[PDB]
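Just one chain is shown here, as structure tokens, and it is the form deposited in one PDB entry.
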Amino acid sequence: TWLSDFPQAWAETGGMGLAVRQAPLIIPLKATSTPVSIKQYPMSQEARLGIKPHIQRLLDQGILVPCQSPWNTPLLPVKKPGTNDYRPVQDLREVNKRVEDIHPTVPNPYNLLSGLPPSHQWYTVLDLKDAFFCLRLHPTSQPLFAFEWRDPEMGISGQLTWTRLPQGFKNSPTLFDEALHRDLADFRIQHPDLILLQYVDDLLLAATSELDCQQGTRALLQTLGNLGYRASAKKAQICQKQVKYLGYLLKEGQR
């Protein structure tokens, strides 16, 4: 009954996350950067209707807020399904080019998995839900990610922007990985006998025995929930001696 033992740690029961220990993020711009305002491309009603529910949900969650900004990038309608229901995809390339680069500290999967000993063969894999959105964005950096939102027959103001680290931003993967690392530093200390691999929002906990993986997982879920992160109970692979992680199938210590 893992789901019932940790209501706060699961995305399905704890609600949208928010990394309470993490200071809102400030995004430094390159020395010569000037705001860029790209006009929203005309969107068909079908695309607009498909995307609308998502935008309203984000507005209700406080993830998106109204604003007036000298910055503006295109909102694209992308239909993932065979050919149904669109999802909003912001083209932040012109913003990314004006943001100062940071060193990429996210290790590649191959190197990351090299730190997995043969001794620990009991695994638990957790996938953090809406990870980036868990990291707040400082009010000063929020205007940078603005886009235009219209509602033909009667639309609100015009521009909306994010209050959390957004998708499409070049440094989101790295900033999230580093923030979670800071938040889980203590856990690594109070659990020297465990192996924890972090790849942005993909986590792998390794133990020597089933029990250790059991007690370890409880502690990790507990800690994650308290810190403000949320794991997908649906995808969770708990205390298995065989799991799928980062495109690899871990079994008998292979791959």
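Numbering starts at 1 and follows the sequence shown. We call the rigid core whatever largest set of C-alpha positions still superposes within 1.5 Å between the two forms.
What comes next is about the form deposited in another entry, which does not appear here.
Taking the core as reference between the shown form and the other one, the lone member of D127, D85, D91, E178 whose Cα moves by 2 Å or more is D85.
Once you line up the core between the shown form and the other one, the Cα of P104 ends up 2 Å or more from where it was. With the core held fixed between the shown form and the other one, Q45 has its Cα displaced by at least 2 Å. In the core-superposed comparison between the shown form and the other one, the C-alpha atom of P139 has shifted by less than 2 angstroms.
Whereas the shown form places them at one spacing, the Cα atoms of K80 and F169 lie at least 3 Å farther apart in that other deposited form. Relative to the displayed conformation, the Cα-Cα distance from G82 to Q56 shrinks by 3 Å or more in that other deposited form.
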